[PDB]
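First the proteins, then the strands, lettered A, B, ... as listed; each starts at 1. For the numbers below, each heavy atom of this structure counts, side chains included, while hydrogens, waters and symmetry mates do not.
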Amino acid sequence: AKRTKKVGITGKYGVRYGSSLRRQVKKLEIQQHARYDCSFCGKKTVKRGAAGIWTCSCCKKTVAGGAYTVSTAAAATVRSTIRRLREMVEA
Amino acid sequence: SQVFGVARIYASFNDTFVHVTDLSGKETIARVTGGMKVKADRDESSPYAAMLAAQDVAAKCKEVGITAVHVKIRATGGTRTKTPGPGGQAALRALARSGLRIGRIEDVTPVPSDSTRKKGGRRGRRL
Amino acid sequence: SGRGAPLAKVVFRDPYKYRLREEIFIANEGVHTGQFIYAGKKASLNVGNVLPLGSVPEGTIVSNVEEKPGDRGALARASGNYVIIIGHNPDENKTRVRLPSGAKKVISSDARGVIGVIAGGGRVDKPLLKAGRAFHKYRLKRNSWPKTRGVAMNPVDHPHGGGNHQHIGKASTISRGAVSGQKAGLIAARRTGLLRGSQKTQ
Amino acid sequence: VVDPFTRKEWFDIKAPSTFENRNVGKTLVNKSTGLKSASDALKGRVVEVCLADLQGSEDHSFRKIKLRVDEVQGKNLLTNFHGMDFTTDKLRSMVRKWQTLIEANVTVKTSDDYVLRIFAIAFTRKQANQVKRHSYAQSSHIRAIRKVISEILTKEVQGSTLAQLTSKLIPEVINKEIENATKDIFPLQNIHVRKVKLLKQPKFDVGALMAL
Amino acid sequence: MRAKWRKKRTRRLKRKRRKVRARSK
Amino acid sequence: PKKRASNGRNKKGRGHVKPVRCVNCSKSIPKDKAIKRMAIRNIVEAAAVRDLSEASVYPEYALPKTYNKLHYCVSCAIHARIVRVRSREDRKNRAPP
Amino acid sequence: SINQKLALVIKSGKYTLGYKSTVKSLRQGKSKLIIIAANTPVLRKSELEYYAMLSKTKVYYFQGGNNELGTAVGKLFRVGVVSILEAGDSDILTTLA
RNA sequence: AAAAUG
RNA sequence: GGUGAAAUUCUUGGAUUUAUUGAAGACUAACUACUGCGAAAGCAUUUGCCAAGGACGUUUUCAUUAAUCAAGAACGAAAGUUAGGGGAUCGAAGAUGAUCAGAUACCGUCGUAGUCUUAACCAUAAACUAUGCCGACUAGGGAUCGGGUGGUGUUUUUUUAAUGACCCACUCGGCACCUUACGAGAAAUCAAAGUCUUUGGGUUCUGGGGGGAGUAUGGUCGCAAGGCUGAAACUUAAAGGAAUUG
Ligand SMILES: [K+]
Ligand SMILES: [K+]
Ligand SMILES: [K+]
Ligand SMILES: [K+]
Ligand SMILES: [Mg+2]
Ligand SMILES: [Mg+2]
Ligand SMILES: [Mg+2]
Ligand SMILES: [Mg+2]
Ligand SMILES: [Mg+2]
Ligand SMILES: [Mg+2]
Ligand SMILES: [Mg+2]
Ligand SMILES: [Mg+2]
Ligand SMILES: [Mg+2]
Ligand SMILES: [Mg+2]
Ligand SMILES: [Mg+2]
Ligand SMILES: [Mg+2]
Ligand SMILES: [Mg+2]
Ligand SMILES: [Mg+2]
Ligand SMILES: [Mg+2]
Ligand SMILES: [Mg+2]
Ligand SMILES: [Mg+2]
Ligand SMILES: [Mg+2]
Ligand SMILES: [Mg+2]
Ligand SMILES: [Mg+2]
Ligand SMILES: [Zn+2]
Ligand SMILES: [Zn+2]
């Protein structure tokens with residue numbers, strides 16, 4: 001049975017700290033506790049260690065990332081523009 | 001055989017600038033305006049004020065050594081009117097007959113590629 | 001501990017002695033273990049590589065940027081932060097860069113930086129939600145928490161102390177020429193109140 | 001109580017080594033002083049003069065030419081090509097309703113070092129026997145024409161220096177080459193290289209400048 | 001009055017009614 | 001009732017048309033609805049063509065023209081008489097004068 | 001495309017899935033072509049390339065990862081490398097390069 | 001430019 | 001500078017104006033149309049990539065798989081909300097100058113939120129063609145967009161031809177238009193709003209005099225603003241539509 005209507009992971013906090021803060025925390029807690037796809041072994045086995053560290057349980061490869069996501073949108077944009085600048089410089 | 005400047009008539013509404021410069025435009029010669037020639041605060045853009053300003057500008061240009069002018073006439077442009085004010089043609093005629101020779105008349109009104117949303121609100125000036 | 005950004009232990013070979021030298025870089029986002037990091041003038045424009053500022057094109061995103069060449073990294077070191085290469089002046093060789101604070105700085109073109117953005121971004125988007133979490137955050141940084149308000153003190157303890165109501169009493173904007181013991185509040189404030197409009201004037 | 005024209009001197013603008021006419025006119029500047037050099041006040045001035053005046057022919061009444069002063073050589077300002085632009089009246093006259101306007105622009109480097117942006121324009125036209133009153137292109141014709149013009153401009157630059165590019169622009173041969181390469185797509189009446197914009201200059205090369 | 005401003009006045013009055021009903025319990 | 005058979009605009013098969021600003025008062029009006037007039041006026045008519053020709057350094061100069069597409073809102077066009085109120089039958093006439 | 005040929009081979013021909021069976025087929029010389037996923041570890045890819053060089057076996061580099069290669073060969077599990085033993089009635093062995 | 005009420 | 005006229009404002013610390021540059025964000029002029037695409041809202045610089053779509057052509061394929069749809073879903077202008085970024089312009093609020101009898105309005109000068117973007121909410125517009133969708137048939141005509149077919153066709157070169165553009169004829173699909181309406185309608189007008197007292201092709205939704213009132217209450221959705229659903233008491237002989245003459 002669905003145990004909570006909307007709080008989900010933030011049901012641990014009970015009625016404290018305010019609903020808006022609880023939702024803000026819930027989004028990032030789900031993000032940080034989700035399993036992610038490994039770009040090296042292709043499995044959905046990447047989990048966070050401390051903030052910014054994302055380790056695959058399989059293949060034991062760990063990558064630097066966001067505090068609560070494996071890849072921030074800013075880092076993805078940075079990677080894309082670095083690829084663009086590198087390709088332009090080489091050609 | 002002539003010494004060429006640039007006329008640079010900025011004929012807005014509410015004013016007319018007759019601003020003769022060198023060929024580069026960095027050095028200016030006898031910038032005169034309609035508000036310099038009238039003292040009524042509403043005839044600053046008038047053809048008579050523009051004619052007086054152009055006559056003074058051409059007199060000082062002939063005293064400096066400028067004999068001919070390439071003409072560049074503009075409206076306010078940007079997003080405001082795009083139509084030359086009532087004084088531009090009068091200033092150009094006064095420059096034409098003040099002894100100055102005329103060359104390469106062009107309209108240099110700044111025209112956007114649909115930039116810089118126009119002032120006034122979506123319902124415009126309601127008079 | 002005490003750092004939002006994770007660190008990367010990058011092992012290099014000593015060019016002058018047979019041994020390994022471990023270096024502690026600030027991990028850039030995308031850097032992984034087993035990755036080859038290239039550091040030098042001829043290193044390629046790849047994330048995690050250490051390049052001189054002059055060798056990267058306009059718009060490049062770098063991190064751990066040297067203020068002076070050889071200082072081994074001063075700018076854009078906190079998690080999620082980066083420096084933007086916004087121009088070069090090859091004569092009197094210098095690089096114009098945008099710092100995380102929005103300042104524009106001219107740096108020597110020989111100063112090095114790490115390609116990419118510092119890992120651990122988005123950290124401050126999560127509410128701490130708890131005095132306990134703030135406690136554990138500052139337990140590994142310094143004894144700066146919790147903070148008693150100076151207005152809650154006695155006059156002996158703070159310029160804001162005292163009064164039959166808790167109130168500042170005089171303007172909290174304090175001159176830059178004030179002395180120690182006076183610089184409490186908004187030191188050398190150019191303005192006060194809620195920021196409305198656009199910052200970074202010309 | 002100054003009359004700043006007593007402290008001013010006149011210089012002659014010698015634009016080309018190639019246009020038709022060395023003399024374009026005069027410009028005045030303050031006399032060189034202790035802490036203010038007239039040669040420094042000059043050497044950055046741009047003069048926009050008509051290609052009709054540069055060539056002696058009124059068939060170049062449009063296509064204003066920008067000339068940037070590079071050196072002051074004994075009361076003579078030697079300039080060089082700085083850009084070309086059509087006149088506003090010519091552009092507005094060319095742009096008409098009931099036809100397709102095709103614009104292309106490329107950023108190309110000349111053979112030696114000059115970075116320029118070339119803006120070419122063209123307009124669709126009716127055939128001699130056409131009954132239809134608008135003669136619009138199908139935007140695939142537009143894409144193909146734009147690609148052809150881009151290739152033409154990028155290969156006409158990158159094979160010549162700035163001087164030879166100016167000498168190619170003056171007779172408008174690029175317009176004819178665009179017409180020849182696009183006539184099998186759409187008739188394309190009013191082909192023009194409407195603008196050349198200088199983006200980045202090489203190292204000075206006073207020797208290269210000294211061709212006039 | 002104008003229909004739009006009548007609707008706006010009704011919305012303001014509805015907000016007032018909601019506020020007083022909330023203050024009561 | 002419906003005054004104009006199609007509408008007081010020209011929009012069928014579109015739904016939305018981007019607006020333009022009136023040259024006179026800057027009111028927002030959809031481009032298909034705005035009254036558009038082209039001005040091809042000579043750079044110098046000014047009762048002055050001969051004066052400028054005499055002052056000109058070039059023989060047969062052929063002074064240029066200013067081209068301006070004016071967009072008027074309905075109220076401004078009617079007030080400035082670019083367009084006039086027509087009879088019920090005359091409204092159904094799209095031929096220019 | 002490569003996917004239709006691969007599906008035809010799976011449907012009609014003979015194949016082995018996985019690194020160990022691929023290497024065994026290479027060393028017995030009954031592999032006609034090996035398809036290596038884009039995300040295969042570089043050391044394993046190099047070893048497969050060396051085996052295929054020794055056995056004169058063609059190597060095709062699948063643009064997708066192991067998930068994509070498994071999907072292409074029609075399996076619900078990741079496949080890092082495929083080995084074609086017999087093409088069946090499929091032109092994969094000749095419609096390459 | 002200003003012009004409300006019956 | 002601005003206006004009808006002014007003043008607020010800036011200005012010999014050089015304003016406005018001129019030239020050369022740089023930065024920023026927004027926008028995408030002219031071309032631009034009784035033109036195109038999209039379910040609608042909407043969509044207008046180039047190029048690349050990604051999937052998608054209508055129409056046409058088809059002596060391909062399946063064979064009734066379809067039409068419309070309570071409940072249920074997806075999208076849904078602008079404004080507004082939340083949190084970052086950005087914040088050039090314009091600009092609810094606000095401040096000011098004027099006008100005025102008053103003018104916290106129109107007009108002038110600034111200017112916050114907003115305008116832009118990302119991640120989410122909101123779910124409303126005169127969201128309009130105030131015209132549900134599918135199907136059939138009933139006038140005359142010329143244009144135009146996309147595809148196709150044909151020609152003793154015109155022009156372009158590549159060497160035979162050919163596509164490309166154009167012309168002529170036809171055709172399918174589309175945005176529309178003009179004339180007349182046998183027909184319809186209260187009329188305005190309508191090729192559908194026709195094929196309706198000679199009333200039945202299929203189907204969904206909505207209305208039942210004007211107010212009270214989209215109000216109260218309850219429910220539900222929403223962070224909120226609000227959205228959806230939604231009375232009754234009471235009151236009233238008119239309100240309303242189109243057209244005619246003044
Ligand atoms: K004035
Ligand atoms: K405190
Ligand atoms: K105190
Ligand atoms: K703003
Ligand atoms: Mg009016
Ligand atoms: Mg009034
Ligand atoms: Mg605190
Ligand atoms: Mg105390
Ligand atoms: Mg004290
Ligand atoms: Mg004090
Ligand atoms: Mg006390
Ligand atoms: Mg009416
Ligand atoms: Mg609409
Ligand atoms: Mg009465
Ligand atoms: Mg004034
Ligand atoms: Mg079109
Ligand atoms: Mg455009
Ligand atoms: Mg429903
Ligand atoms: Mg919106
Ligand atoms: Mg303003
Ligand atoms: Mg509604
Ligand atoms: Mg409706
Ligand atoms: Mg009723
Ligand atoms: Mg009526
Ligand atoms: Zn892994
Ligand atoms: Zn208007």
Whole-angstrom distance between I:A73 and I:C221, as gauged at atom P: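 Pairwise P distance, I:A73 against I:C221, rounds to 12 Å.
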Whole-angstrom distance between I:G218 and I:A105, as gauged at atom P: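 The answer is 37 Å between these two P atoms.
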Tell me if [M] and [N] are paired here, counting Watson-Crick or G-U wobble when both donor-acceptor distances sit under 3.5 Å.
{"N": "I:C107", "M": "I:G97", "result": "yes"}
{"N": "I:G13", "M": "I:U206", "result": "no"}
{"N": "I:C110", "M": "I:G94", "result": "yes"}
{"N": "I:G80", "M": "I:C121", "result": "yes"}

Check if the side chain of [X] and the base of [N] share a donor-acceptor pair of N or O atoms closer than 3.5 Å.
{"X": "B:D41", "N": "I:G2", "value": "yes"}
{"X": "A:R23", "N": "I:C223", "value": "no"}
{"X": "B:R42", "N": "I:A5", "value": "no"}

Base-contact (B) and sugar-phosphate-only (S) positions in nucleotides 225-234 of chain I, heavy-atom cut-off under 4.0 Å, - elsewhere: SSS-------
Nucleic acid footprint by protein, nucleotides 81-89 of chain I - heavy-atom cut-off 4.0 Å, B for base, S for sugar-phosphate alone: ------BSS
Pairing partner (Watson-Crick or G-U wobble, both distances under 3.5 angstrom) of [N]:
{"N": "I:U229", "result": "I:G218"}
{"N": "I:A169", "result": "I:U149"}
{"N": "I:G194", "result": "I:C137"}

If we call a positive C1'-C2'-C3'-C4' torsion north and a negative one south, what is the sugar of [N]?
{"N": "I:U129", "answer": "south"}
{"N": "I:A51", "answer": "north"}
{"N": "I:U199", "answer": "south"}

Which part of the nucleic acid, if any, lies within reach of [X] when heavy atoms closer than 4.0 Å are counted: base, sugar-phosphate only, or nothing?
{"X": "A:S20", "answer": "nothing"}
{"X": "F:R94", "answer": "base"}
{"X": "B:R74", "answer": "sugar-phosphate"}
{"X": "D:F186", "answer": "sugar-phosphate"}
{"X": "B:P112", "answer": "base"}
{"X": "F:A34", "answer": "nothing"}
{"X": "D:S139", "answer": "nothing"}
{"X": "C:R98", "answer": "nothing"}

Any idea which of [options] is nearest the [X] side chain?
{"X": "D:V131", "options": "I:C31, I:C167, I:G1", "answer": "I:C167"}
{"X": "B:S115", "options": "I:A26, I:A243, I:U16", "answer": "I:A26"}
{"X": "B:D114", "options": "I:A29, I:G164, I:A188", "answer": "I:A29"}
{"X": "D:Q138", "options": "I:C177, I:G146, I:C166", "answer": "I:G146"}
{"X": "F:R88", "options": "I:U32, I:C145, I:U244", "answer": "I:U244"}
{"X": "D:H134", "options": "I:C166, I:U144, I:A33", "answer": "I:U144"}
{"X": "D:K97", "options": "I:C166, I:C31, I:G218", "answer": "I:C31"}

Within less than 4.0 Å of OP1 or OP2 of [N], is there a side-chain N or O belonging to [X]?
{"X": "D:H82", "N": "I:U21", "result": "yes"}
{"X": "B:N14", "N": "I:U3", "result": "yes"}
{"X": "F:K11", "N": "I:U129", "result": "yes"}
{"X": "E:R17", "N": "I:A216", "result": "yes"}
{"X": "D:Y136", "N": "I:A165", "result": "no"}
{"X": "E:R21", "N": "I:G218", "result": "yes"}
{"X": "E:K4", "N": "I:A125", "result": "no"}
{"X": "F:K69", "N": "I:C31", "result": "yes"}
{"X": "A:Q31", "N": "I:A119", "result": "no"}

Toward the 5' end of RNA chain I, by each residue's nearest nucleotide, F:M38 or F:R9: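 It is F:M38, whose closest nucleotide lies nearer the 5' terminus.
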Passing candidate, side-chain contact (heavy atoms from CB on, under 4.5 Å) with F:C76, options F:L70, F:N24, F:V23: F:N24
[X] [atom1] - [N] [atom2] separation (whole Å):
{"X": "C:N89", "N": "I:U21", "atom1": "CG", "atom2": "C1'", "answer": "14 Å"}
{"X": "B:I9", "N": "I:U17", "atom1": "CD1", "atom2": "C1'", "answer": "14 Å"}
{"X": "D:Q99", "N": "I:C31", "atom1": "CD", "atom2": "P", "answer": "10 Å"}
{"X": "D:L101", "N": "I:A29", "atom1": "CG", "atom2": "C1'", "answer": "11 Å"}

Residues within residues 120-127 of chain B bordering RNA chain I, heavy-atom distance below 4.0 Å: B:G120, B:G121, B:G124, B:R125, B:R126, B:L127
Determine, for [X] against [Y], whether the closest basic-nitrogen to carboxylate-oxygen distance falls under 4.0 angstrom.
{"X": "F:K92", "Y": "F:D90", "value": "no"}
{"X": "F:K11", "Y": "F:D32", "value": "no"}
{"X": "B:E106", "Y": "D:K64", "value": "yes"}

Plane angle bin for D:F186 and D:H141 - parallel if under 30°, tilted between 30 and 60°, otherwise perpendicular: tilted
side-chain hydrogen bond (donor to acceptor under 3.5 Å, both in side chains) between D:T27 and D:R45, intermediate numbers included: CA-CA 10 Å; D:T27 207; D:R45 275 162 190 219; 3.1 Å; yes
Residues forming a side-chain contact (heavy atoms from CB on, under 4.5 Å) with F:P1, sequence neighbours excluded: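 Per chain and number, F:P1 pairs via side-chain contact (heavy atoms from CB on, under 4.5 Å) with no residue.
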Crowding at CZ, F:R41 (>12 non-hydrogen neighbours, <6.0 Å): no
Secondary-structure string, 5' to 3', Watson-Crick or G-U under 3.5 Å, | for another-strand partners, for RNA chain H: ......
B:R74 side-chain N/O to B:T76 backbone N/O, donor-acceptor pair under 3.5 Å: yes
Backbone of B:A75 reached by a side-chain donor or acceptor of B:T109 within 3.5 Å: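 Yes, B:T109 side chain to B:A75 backbone: donor-acceptor pair under 3.5 Å.
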Nearest atoms (heavy-atom pairs only) where C:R123 meets A:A67: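 The pair with the smallest heavy-atom distance is CA-CB, 3.6 Å.
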Could you pull out the protein-nucleic contacts involving nucleotides 42-49 of chain I (nitrogen or oxygen on both sides, under 3.5 Å)?
from  : atom 1 : to     : atom 2 : distance (Å)
I:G42 : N7     : F:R14  : O      : 3.2
I:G42 : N7     : F:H16  : N      : 3.4
I:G42 : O6     : F:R14  : O      : 2.4
I:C43 : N4     : F:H16  : O      : 3.3
I:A44 : OP2    : F:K18  : NZ     : 3.3
I:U46 : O3'    : D:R146 : NH1    : 3.4
I:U47 : OP1    : D:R146 : NH1    : 3.1

